[PDB]
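J.: Fold the following for me, if possible:
(4 chains)
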Amino acid sequence: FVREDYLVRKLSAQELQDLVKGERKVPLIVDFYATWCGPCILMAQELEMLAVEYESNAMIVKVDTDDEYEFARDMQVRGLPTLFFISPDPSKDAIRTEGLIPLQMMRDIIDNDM
Amino acid sequence: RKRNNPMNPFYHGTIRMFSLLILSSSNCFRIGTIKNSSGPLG
Amino acid sequence: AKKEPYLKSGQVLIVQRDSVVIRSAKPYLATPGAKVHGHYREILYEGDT
Amino acid sequence: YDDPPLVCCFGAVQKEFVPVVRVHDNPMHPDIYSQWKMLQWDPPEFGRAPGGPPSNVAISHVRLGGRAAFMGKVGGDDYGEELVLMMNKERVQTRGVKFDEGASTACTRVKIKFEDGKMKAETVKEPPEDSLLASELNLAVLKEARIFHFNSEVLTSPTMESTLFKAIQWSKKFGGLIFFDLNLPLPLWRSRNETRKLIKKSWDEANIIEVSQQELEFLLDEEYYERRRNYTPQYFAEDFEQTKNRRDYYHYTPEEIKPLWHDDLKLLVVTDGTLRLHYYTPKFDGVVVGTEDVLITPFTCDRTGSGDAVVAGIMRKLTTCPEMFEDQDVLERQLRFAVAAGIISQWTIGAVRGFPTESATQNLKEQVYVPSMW
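T.: Numbers count the residues shown, from 1 in each chain, chains lettered A, B, ... in the order given. Find the structure here:
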């Protein structure tokens, strides 16, 4: 009866591993964040807006570095906020963006690179 | 008793009584023949 | 002593060769006619009269 | 050469992006970001006064009345132009910025692999911020600049490592000073020995070094200082001030700093946020007592960019007060300015948005301290 206020889902390292291993039709956007990080609030709102924009044409997930610190270090995360744009085609290579990039930048990456 | 019972081994501060008070570092602080030797005599 | 730091409020608890251990205490001045609320050695908590 | 003396900030230009990331044991709601401001006024110790990219230091230094130039590379896309425009509107010199038409600004190509049953990534194409070559350096900037500033983020890139060392040789040739502001990124917190080997060369190439308390204790010994902090006497305190259970502001002895000392080091500053500024010079050492108040504005406080403001204030006072390196009283008096700059920078959301001006910083310094401490 009551819609949920947040569309971006929080996943574990194992769940994200299964998601990446499995077949994907739409681009997958992975957010690395920490609640103690000030810039991550603005990134959280921006990614909520992006998730509203791409209803079923993209998948937005977030990984907390306070629960998956080793997983974040393995994936070459040097700071926060950090975004990973994973294309549905396994042949292609993912893109890592560092910093509070604009929403239009995310739209361009998703449209012309995924 | 123990019978009427109806876990398995196989599977700072100093007390001050006179009423109890605890004395610790939060309230106590420091400011500042042969050779004769102390010992037993038998 | 002139070359020593000032001793502070409290009671001498331990006496040693070159030092003393003090249990800190707070003095309260009371003019004649005041009423002490408690017996000797009575335990008083924070905010108690 | 115009006044004040120019400083050069070398590295990547990014929007926000605090590099220092560790594990915190007090997480808020994963979705409700309106609760995350409580971790701004009760922060993790490593995030008390976070630093950022060298562009933050350059912008803060210019806002404090200094002249700064940024040395780095951006792509030829919209994001690189926007970053360069942001640096230009802050009156930071852009002539040291190199454009790459074929590169995407702040974008890195990585390949996802599943080594030993765990997902991992490896870099395929480095971003243009990490792809500045020694042939793309600006020799006029390196000649004019009196302080050369960089972070340990460039040590995570081999191209930027080589470019950084060439730039350090060039700057030392012309008489500039090397400012190493560590700002250890997430990979460099894995273990002490590998980080020490990785940063040894840049550490020995630096005249001025700024580290946080957590960074210094990680570089020397984390467990020893954690044990020392947790120690409590069993029976009685050794002095009265130890009975108050006050916050620990332990001042490291120069004997403890001896492993990290070298001959060209003129000044080492250890910052416990804005609360403490432990300084070490070849002749003397001490601590500058500071403060903080983010609870004065609970709804606008944000600690991002505070360390950048502290470092920028240090550079601003160093370029105009050469007696800082030799006079202890003057050094403390000028470091109080950086303390005030860091304090103000915690009162606004956003690092660049909340960087104080020189007038406001001096006003706050005179308000906080007694007149004899100015």
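J.: Quick one: the strands in the chain, in order.
T.: Using chain A. A:9-10, A:28-33, A:59-64, A:82-86, A:94-98 (DSSP state E).
J.: Let me rephrase: I mean chain D.
T.: Under DSSP E, chain D gives strands at D:6-10, D:67-75, D:97-100, D:107-113, D:120-125, D:147-151, D:177-181, D:208-212, D:267-272, D:276-280, D:285-289.
J.: How about chain C?
T.: C:10-15, C:20-24.
J.: Out of those strands, which is the most enclosed?
T.: Neighbour counts (mean count of other Cβ atoms under 10 Å in any protein chain shown) averaged over each of those peak at strand C:20-24, with a mean of 18. In short, each C-beta sits where N, CA and C put it, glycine included.
J.: Does that one reach chain D?
T.: Yes. Applying Cβ under 8 Å from any Cβ of the partner chain, one finds strand C:20-24 touching chain D at C:21, C:24.
J.: Please work out which residue of chain C is closest to chain D.
T.: residue C:21 (5.1 Å; Cβ to the nearest Cβ).
J.: Please report how far that residue lies from chain A.
T.: Counting by Cβ to the nearest Cβ, to the nearest Å, the gap from residue C:21 to chain A is 42 Å.
J.: gap between that residue and residue D:243?
T.: Using Cβ to Cβ, to the nearest Å, residue C:21 is found at 11 Å from residue D:243.
J.: list the residues that contact both of these two?
T.: B:28, B:29 (Cβ atoms under 8 Å, 6 or more residues apart in numbering or on different chains).
J.: Who's the closest spatial neighbour of residue D:45, skipping the chain neighbours?
T.: Leaving aside its chain neighbours, residue D:45 sits nearest to residue D:214 (6.0 Å; criterion: Cβ to Cβ, 6 or more residues apart in numbering or on different chains).
J.: List the contacts of the one you found.
T.: The neighbourhood of residue D:214, defined by Cβ under 8 Å, 6+ apart, consists of D:22, D:45, D:46.
J.: Show me where chain D has its helices.
T.: D:38-41, D:54-63, D:78-89, D:139-144, D:158-174, D:192-204, D:213-220, D:222-230, D:254-257, D:306-320, D:328-345, D:358-368 (DSSP state H).
J.: Now do the longest one: which elements does it pack against?
T.: In this case it means helix D:328-345. With contacts taken as 3 or more Cβ pairs under 8 Å, 6 or more residues apart in numbering or on different chains; DSSP states H and E, helix D:328-345 sits against strand D:276-280, strand D:285-289, helix D:306-320, helix D:358-368.
J.: can we see that at 6 Å?
T.: Helices and strands touching helix D:328-345, by 3 or more Cβ pairs under 6 Å, 6 or more residues apart in numbering or on different chains; DSSP states H and E, are helix D:306-320, helix D:358-368.
J.: Serialize those helices to a markdown table and add fields for mean neighbour count and distance to residue D:5.
T.: Below are those laid out as a markdown table (neighbours: other Cβ atoms under 10 Å in any protein chain shown; distance: least, Cβ to Cβ, whole Å):
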| stretch | mean neighbour count | distance to residue D:5 |
| --- | --- | --- |
| helix D:306-320 | 28 | 4 |
| helix D:358-368 | 16 | 15 |
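J.: quick revisit: now the helices of chain D in TSV, with distance to residue A:78?
T.: Shown next, in TSV, are the helices of chain D (distance: least, Cβ to Cβ, whole Å):
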stretch	distance to residue A:78
helix D:38-41	21
helix D:54-63	15
helix D:78-89	18
helix D:139-144	26
helix D:158-174	12
helix D:192-204	13
helix D:213-220	15
helix D:222-230	21
helix D:254-257	27
helix D:306-320	17
helix D:328-345	23
helix D:358-368	30
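J.: export stretch D:108-117 as PDB, just CAs?
T.: C-alpha atoms of stretch D:108-117 as PDB (Å, rounded to 0.1, in the frame of the first residue of the first chain):
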ATOM      1  CA  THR D 108      39.100   4.400 -15.500                       C
ATOM      2  CA  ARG D 109      38.800   1.200 -17.600                       C
ATOM      3  CA  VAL D 110      38.900  -1.900 -15.500                       C
ATOM      4  CA  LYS D 111      38.500  -5.600 -16.100                       C
ATOM      5  CA  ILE D 112      36.500  -7.700 -13.600                       C
ATOM      6  CA  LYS D 113      38.000 -11.100 -12.700                       C
ATOM      7  CA  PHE D 114      37.200 -13.900 -10.300                       C
ATOM      8  CA  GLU D 115      40.500 -14.900  -8.900                       C
ATOM      9  CA  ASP D 116      40.400 -17.600  -6.100                       C
ATOM     10  CA  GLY D 117      36.600 -17.300  -5.900                       C
END
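J.: buried set for it?
T.: Residues D:108, D:109, D:110, D:112 are the ones in stretch D:108-117 that count as buried (16 or more other Cβ atoms under 10 Å in any protein chain shown).
J.: list the contacts for the second one?
T.: With Cβ atoms under 6 Å, 6 or more residues apart in numbering or on different chains as the criterion, the residues that contact residue D:109 are A:93, D:124, D:125.
J.: Show me the residue sitting in the middle of chain B in space.
T.: Centroid check for chain B by Cα atoms, centre = their mean gives residue B:14 as the closest residue, at 7.5 Å.
J.: Now do the phi/psi pair for that residue.
T.: Per-residue torsions, residue B:14: phi -110, psi 140 (degrees, to the nearest 10).
J.: Give me the nearest residue to it, chain neighbours excluded.
T.: residue B:23 (4.5 Å).
J.: Look at that neighbour and say how many residues are nearby.
T.: 16 (other Cβ atoms under 10 Å in any protein chain shown).
J.: Next one: the residue nearest to residue D:161 when sequence neighbours are not counted from chain C, what distance?
T.: Distances taken as Cβ to Cβ, 6+ apart place residue D:155 nearest to residue D:161, at 5.8 Å, with adjacent residues excluded. As judged by Cβ to the nearest Cβ, residue D:155 and chain C stand 49 Å apart.
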